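**Q** Those sequence lines, one after another, are chains A and C. Taking PDB author numbering, I'd label the letters of the first sequence as residues 971 to 1019. Taking PDB author numbering, I'd label the letters of the second sequence as residues 389 to 437. For every residue, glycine included, the Cβ atom is placed at its ideal position computed from N, Cα and C. One structure follows; several queries about it will come next.
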Amino acid sequence: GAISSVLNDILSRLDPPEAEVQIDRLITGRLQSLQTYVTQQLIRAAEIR
Amino acid sequence: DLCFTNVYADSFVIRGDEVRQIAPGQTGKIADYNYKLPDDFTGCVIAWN
């Protein structure tokens, strides 16, 4: 949902208060990738165990 | 209906066309060089002709 996937593009192109929302979309989005990766690894940890 | 540790009233006068420059993280002549309002401004802004 951000204007760009790169952090520097948001901080450089957009203003600070506009970056607070756009950078948060990358944070909230990428945190789900970690939560999904960690969740799958714990699930695979049960299979390998 | 709430208490506060300290309340500071910054008193100054501006023109009518300059009222839009005073805001969180807003640019302008009186905003960027005289009084830049912080992004986490938890205070109040009052105006009167």
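Give the DSSP-derived three-state secondary structure of C/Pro-412 in the structure shown.
**A** Three-state DSSP puts C/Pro-412 in a strand.
**Q** Taking the alpha-carbon positions, what's the A/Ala-1016 to A/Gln-1010 distance?
**A** Roughly 10 Å separates the two Cα atoms.
**Q** Check the C-beta distance from A/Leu-977 over to A/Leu-996 and give it rounded, since I have them as a contact under 8 Å.
**A** Contact holds; Cβ gap of about 7 Å.
**Q** Using a Cβ cut-off of 8 Å, pull out every chain A residue sitting near C/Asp-427, in sequence order please.
**A** Per Cβ cutoff of 8 Å: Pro-986, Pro-987 and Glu-990.
**Q** Taking the alpha-carbon of A/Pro-986 as reference, which of C/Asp-398, C/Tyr-396 and C/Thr-415 has the nearest alpha-carbon?
**A** With distances taken between Cα atoms, A/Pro-986 lies closest to C/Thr-415.
**Q** Is DSSP giving A/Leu-1012 helix, strand or coil here?
**A** Looking at A/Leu-1012 - three-state DSSP - the assignment turns out to be helix.
**Q** In whole angstroms, give me the CA-to-CA distance for C/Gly-404 and A/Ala-989.
**A** Roughly 29 Å between the two C-alpha positions.
**Q** Could you tell me which of C/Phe-429, C/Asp-420 and C/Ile-410 sits nearest to C/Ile-402, measuring between CA atoms?
**A** When each option's Cα is compared against that of C/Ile-402, the closest is C/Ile-410.
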